[PDB]
Amino acid sequence: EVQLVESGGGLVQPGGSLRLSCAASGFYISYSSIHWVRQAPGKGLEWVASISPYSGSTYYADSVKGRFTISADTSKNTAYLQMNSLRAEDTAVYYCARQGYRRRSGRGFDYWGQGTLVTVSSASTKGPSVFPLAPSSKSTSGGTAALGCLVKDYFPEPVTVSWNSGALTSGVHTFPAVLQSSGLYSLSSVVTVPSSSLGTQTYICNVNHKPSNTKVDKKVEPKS
Amino acid sequence: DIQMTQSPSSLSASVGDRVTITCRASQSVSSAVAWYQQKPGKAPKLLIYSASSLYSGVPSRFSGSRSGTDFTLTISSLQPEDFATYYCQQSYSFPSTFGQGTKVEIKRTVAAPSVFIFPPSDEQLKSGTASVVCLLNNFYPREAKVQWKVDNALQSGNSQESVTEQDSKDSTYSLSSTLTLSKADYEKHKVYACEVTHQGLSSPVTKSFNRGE
RNA sequence: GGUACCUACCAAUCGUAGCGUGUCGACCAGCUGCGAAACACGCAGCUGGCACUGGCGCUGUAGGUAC
Ligand SMILES: CN(CCO)c1ccc(/C=C(\C#N)c2ccc(C#N)cc2)cc1
Ligand SMILES: [Mg+2]
Ligand SMILES: [Mg+2]
Ligand code: NA
C-alpha cells in the first residue's frame, strides 16, 4: 500500500524561499531513489531533482542547480525539496515520485504523489468576487436553460466551484481560470438545466478560494 | 544534456485507431526509457519501463519499442479511456529528461454549439465594471470563432476566451468568452451581441440583448 | 675431483649472472550478476593493464661450506 503525499506549497515572492515535504507510507524511502518533478500550468513534465539511496548522492537539473536542495530524513519517513532564490519560471505543480525497484520496473517512477502548487509572483493574495449569470427568463425554450457564476478578481490559484453543495454535477462546466490584464484571475462555472425548474428550484454556486480562506455561496435566479 | 524530442505534440483519433508516438534521444540512452500516461490534473502513471517492458497492471494494448535512439509507444487499438497526455523519459544519465508530451484526444461527429448570452449583474455594475459572458456549449471540434458587437460595433482586445477539456461523457467542448467594459461604457450602449461561427453551423449564430430588458 | 647447499656476478630491460614463467594475493581501469543499490559502498565472476609481492623452473661463471 504505497503512497506519497506532498505538502508545503503556496505563494512566495521572487527571490523568496520555500521547503516542500513529501511523506511516504507503505515503504521506507531509504531503500528507493526519490525524485522531484515539476509541471508548469499547461506545460510538460520537467525533472527537477533526485536523491539516491545508501549514498545520499543528489542530482539536479540545470535550471535549478545551485538554488534547490533535495534531502531526506528516515527517522520520519519523509523527503524534502528546499527552494531558494525562486524565480517566476519556477511556478508549477511539484510532484514527489518513487523510482521503482531495479529488478521489477527498471528506472521507471512507479508511484507519484498528488502534487502541490507553488506560485512565485510579486502580486498579493486576494479573494474573488462571485457574481451571478442569471438564466435568461426573456427568450428561453422549454427544457433548455443555462445559468452560472462568475468568479472574478482573485489571486493566486486555485478556486473550487461546486453547485448545490455537491448535489448538482450533471451538465456543469467550470472553465479554466484566465489571467486578466489586471494580474488577477477570473473564471466562470456554468450549468444547463430545464427551464421548467427555473422557478421551482433554487440554484446555489459554492465558490472557495483557499489562499484567501474565502468561502462564498451565490444564489442564481432569473431577473425582474 | 540529453534531449528527448517527442512527436506528435497532439492528435485527435477515433476509438479503435492505432496510435504511435515517437521520442528521439539526442544521443544514446541505451534502453533506460520509460513511458507515462497523465490524465488532466492527475499525477502521471507508469506505463512502460526499460523501453519495452510493460508495467504491472497496464493493458496489453500498450507497447513500447526501441530502434537505436528512436523509442515508440504504440496503442494498438485506442480505447475511449486512453484519452490523456503521454510522456517519454530517459533515465540513462543525469539530469533526467522528459519529452514534450503528446496530447491524445478522442474524435467524434461534428456537434454545433448551444449559444447563450449573459449580461452583467447589477451587483457587479455597482462596483464600476461590467462583464458580459457568451457561452458556447457542447460542440465539436474545438475550433470556434466568437465575435463581440456593441451597437453593431466590432469589438477587439477587450475579451478573453477559455475552453474546457473534452467532456468524458460526450467528448464535446465548452467555451466562454468574457467581454469587460467600464460601468460608464456599458451603460452608454444598448445592443450587446455575440456572434459564433463553427463548422456545424450553416451560418453564424448571434445571441444578443438590449441593456435593461 | 664428484654431488648438494650458500655468497656474489656492469648498464638498460619487471626480475634475474642469464633464460623462461605474470602467481592465492596486492594495485589501476573496465564489464557483468547480486546486495531494497544508475553514483558511492559490500560480495562474486570475468577482461585488459601493472609487476607491489620478488616466488618458481632451467642453466652457468668463480669463491666458500658440507660430505
Ligand atoms: C612472462 N614474463 C616476462 C615478462 O612478461 C614474466 C615475468 C615475471 C613473472 C613473475 C612472476 C610469475 N609468475 C612472479 C613474481 C613474483 C612472485 C612472488 N612473490 C611470484 C611470481 C612472470 C612472467
Ligand atoms: Mg644489471
Ligand atoms: Mg619489486
Ligand atoms: Na594474482
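Quick note, the sequences are listed as chains H and L, same order.
Residues in the first sequence are numbered consecutively from 4, following the authors' numbering.
Residues in the second sequence are numbered consecutively from 2, following the authors' numbering.
Ideal Cβ placement from N, Cα and C applies to all residues, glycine included.
Same chain, Cβ closer than 6 Å to residue i, neighbours up to 5 away in sequence not counted
i, result
"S92 of chain L", "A33"
"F84 of chain L", "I107"
"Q16 of chain H", "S125"
"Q101 of chain L", "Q7"
"residue 3 of chain H", "Missing from the structure shown is residue 3 of chain H; chain H here goes from 4 to 227 and no further."
"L190 of chain H", "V154, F178, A180"
"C24 of chain L", "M5, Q7, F72, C89, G100"
"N167 of chain H", "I207"
"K104 of chain L", "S11, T86"
"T207 of chain L", "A194, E196"
Neighbour list for residue i in chain H, Cβ cutoff strictly below 8 Å
i, result
"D152 of chain L", "Within 8 Å Cβ-Cβ: nothing; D152 of chain L doesn't reach chain H, min ~19 Å."
"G58 of chain L", "Those within 8 Å of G58 of chain L in chain H number zero; the least Cβ separation is about 10 Å."
"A113 of chain L", "Residues of chain H passing the Cβ test: none, with the nearest at roughly 13 Å."
"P96 of chain L", "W50, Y62, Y63, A64, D65"
"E214 of chain L", "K141"
"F99 of chain L", "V40, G47, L48, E49, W50"
"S68 of chain L", "Going along chain H, no residue has its Cβ under 8 Å from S68 of chain L, so there is no contact; the nearest lies around 18 Å."
Residues near residue i by beta carbon distance below 7 Å, same chain, minus five either side
i, result
"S160 of chain L", "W149, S178, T179, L180"
"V134 of chain L", "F119, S177, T179"
"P205 of chain L", "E196, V197, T198"
"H212 of chain H", "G130, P131, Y157, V162"
"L48 of chain H", "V40, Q42"
"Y50 of chain L", "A35, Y56"
"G19 of chain H", "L89"
Amino acids of chain H, ordered along the chain, whose beta-carbon sits closer than 9 Å to that of residue i
i, result
"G102 of chain L", "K46, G47, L48"
"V147 of chain L", "Simply none; closest approach about 13 Å."
"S51 of chain L", "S108, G109, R110, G111"
"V134 of chain L", "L136, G151, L153, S191, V193"
"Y88 of chain L", "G47, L48"
"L47 of chain L", "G103, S108, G111, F112, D113, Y114, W115"
"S122 of chain L", "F134, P135, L136, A137, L153, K226"
Neighbouring residues, chain H, relative to residue i (Cβ below 7 Å)
i, result
"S54 of chain L", "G109"
"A44 of chain L", "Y98, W115, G116, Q117, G118"
"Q125 of chain L", "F134"
"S92 of chain L", "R110"
"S64 of chain L", "Near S64 of chain L there are no residues of chain H at all, since even the closest Cβ is about 15 Å away, more than 7 Å."
"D2 of chain L", "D65"
"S77 of chain L", "Those do not exist, as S77 of chain L stays about 21 Å from chain H at its closest Cβ, beyond 7 Å."
Bounding residues of the alpha helix (DSSP H) (the contiguous stretch that carries residue i)
i, result
"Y187 of chain L", "184–188"
"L126 of chain L", "123–126"
"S61 of chain L", "Segment: none, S61 of chain L is in no alpha helix (DSSP H) and carries neither H nor E."
"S108 of chain H", "105–108"
Extent of the continuous beta strand (DSSP E) run through residue i
i, result
"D71 of chain L", "71–76"
"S132 of chain H", "132–136"
"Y83 of chain H", "81–86"
"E224 of chain H", "Taken as a continuous stretch (DSSP letters only), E224 of chain H belongs to no beta strand (DSSP E), as it is neither H nor E."
"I37 of chain H", "37–42"
"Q6 of chain H", "6–10"
"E82 of chain L", "Per DSSP, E82 of chain L belongs to no beta strand (DSSP E) and is neither H nor E."
"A95 of chain H", "95–102"
"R22 of chain H", "21–28"
"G169 of chain H", "Careful: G169 of chain H lies outside any beta strand (DSSP E) and carries neither H nor E."
"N211 of chain H", "206–212"
"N139 of chain L", "130–140"
"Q39 of chain L", "34–39"
"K150 of chain L", "146–151"
Amino acids of chain L, ordered along the chain, whose beta-carbon sits closer than 7 Å to that of residue i
i, result
"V181 of chain H", "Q161, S163"
Same chain, Cβ closer than 8 Å to residue i, neighbours up to 5 away in sequence not counted
i, result
"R70 of chain H", "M86, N87, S88, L89"
"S169 of chain L", "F84"
"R19 of chain L", "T75, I76, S77, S78, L79"
"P142 of chain L", "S13, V111, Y174, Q200"
"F112 of chain H", "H38, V40, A100, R101, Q102, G103"
"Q204 of chain H", "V196"
Amino acids of chain L, ordered along the chain, whose beta-carbon sits closer than 9 Å to that of residue i
i, result
"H212 of chain H", "Per Cβ cutoff of 9 Å: no residues; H212 of chain H is ~17 Å from chain L at best."
Q: Select from the stretch 157–187 of chain L all residues with a C-beta closer than 9 Å to any C-beta belonging to chain H, and list them in chain order.
A: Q161, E162, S163, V164, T165, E166, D168, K170, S175, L176, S177, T179, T181
Q.
Any C-beta of chain L within less than 8 Å: which residues of the stretch 131–159 of chain H qualify?
A. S132, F134, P135, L136, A137, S139, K141, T147, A149, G151, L153, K155
Q) the stretch 22–38 of chain L: which residues have C-beta closer than 7 Å to a C-beta of chain H, in chain order? A) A33, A35
**Q.** Contact set between the stretch 186–203 of chain H and chain L, restricted to residues whose Cβ is under 8 Å from the partner
**A.** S189, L190, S191, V193, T195
Q. Mind listing which residues of the stretch 21–33 of chain H have their C-beta closer than 8 Å to chain L's C-betas, in chain order?
A. none
Q) According to a CB-to-CB cut-off of less than 8 Å, which residues of the stretch 62–95 of chain H neighbour chain L? A) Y62, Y63, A64, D65
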